[PDB]
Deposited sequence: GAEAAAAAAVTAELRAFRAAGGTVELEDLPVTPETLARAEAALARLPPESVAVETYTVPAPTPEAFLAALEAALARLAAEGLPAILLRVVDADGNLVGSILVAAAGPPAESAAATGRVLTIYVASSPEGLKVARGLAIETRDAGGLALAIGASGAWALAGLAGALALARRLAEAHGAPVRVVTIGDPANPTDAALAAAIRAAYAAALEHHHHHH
């Protein structure tokens, strides 16, 4: 089904990133008092963030890659530190959000910090608060980061498009990409997402 196809896209993008010469570092972090406090401290440093809405009728890696490229182009044109994307389906219903946070040109952040991109992923609003705040923390450390809030096939297709963006930005220079799934410890949806991402990663390494 759609979730299986989106997971296969994640596996294919993980394999492709490694074949191009970079390591994928996968981390899973719980929402805890320590991670919540870090996220809140970073969010306090940045409602001030611009929003735009993109229409993605179906969950595909190619569509998320193109939306992320559009968001980076807008950040460059406006000189902004971050942009919040609302992602909607063909009926206009929201199927995800992506906060994109840049510290400068992406080629330069990759070289200065030694990481091409940090991709945070969450499904629940509680995980997403932490994912968004940690993306801002990464930006304030000098790196390019994004935080995807979505579920099921949309979350996986978003992750696959973000890995494709990381691969394109790396240009075979060998910098790693870090993927961080954030989950509220009690939320089975967050747990299901983490399990699906880990399974897709296991399949990429076989």
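Engineer: Any chance you could give me the deposited-sequence numbering of all the stretches lacking C-alphas?
Structural biologist: Model skips 47 to 48, 209 to 214 of the deposited chain.
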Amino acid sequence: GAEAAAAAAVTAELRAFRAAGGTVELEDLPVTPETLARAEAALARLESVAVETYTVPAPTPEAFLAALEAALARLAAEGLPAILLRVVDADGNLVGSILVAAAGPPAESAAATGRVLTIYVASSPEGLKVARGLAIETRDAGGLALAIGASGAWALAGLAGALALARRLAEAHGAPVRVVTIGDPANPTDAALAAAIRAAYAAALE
From here on, numbers count along this sequence of modelled residues.
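Engineer: Out of 58 to 66 and 151 to 159, which stretch has the higher average CA B-factor listed in the record?
Structural biologist: Stretch with the greater average CA B-factor: 58 to 66.
Engineer: Where do the C-alpha atoms have the higher mean temperature factor in this entry, in 73 to 81 or in 115 to 123?
Structural biologist: 73 to 81 has the higher mean C-alpha B-factor.
Engineer: From 134, 110, 100, 87, pick the one with the largest CA B-factor in the entry?
Structural biologist: Among 134, 110, 100, 87, the highest C-alpha B-factor in the entry belongs to 110.
Engineer: Quick one: which of 176, 33, 143, 30 has the biggest Cα B-factor according to the entry?
Structural biologist: Of the candidates given, the C-alpha B-factor peaks at 33.
Engineer: Going by what the PDB entry lists, where does residue 42 fall on CA B-factor within its chain: lowest, middle or highest third?
Structural biologist: Middle third of the chain for residue 42's C-alpha B-factor.
Engineer: Compare the C-alpha B factor of residue 22 with those of the other modelled residues in its chain, then answer lowest, middle or highest third.
Structural biologist: It falls in the bottom third of the chain.
Engineer: Place residue 169 in the lowest, middle or highest third of its chain's C-alpha B-factors, as listed in the PDB entry.
Structural biologist: According to the entry, residue 169 has a C-alpha B-factor in the chain's middle third.
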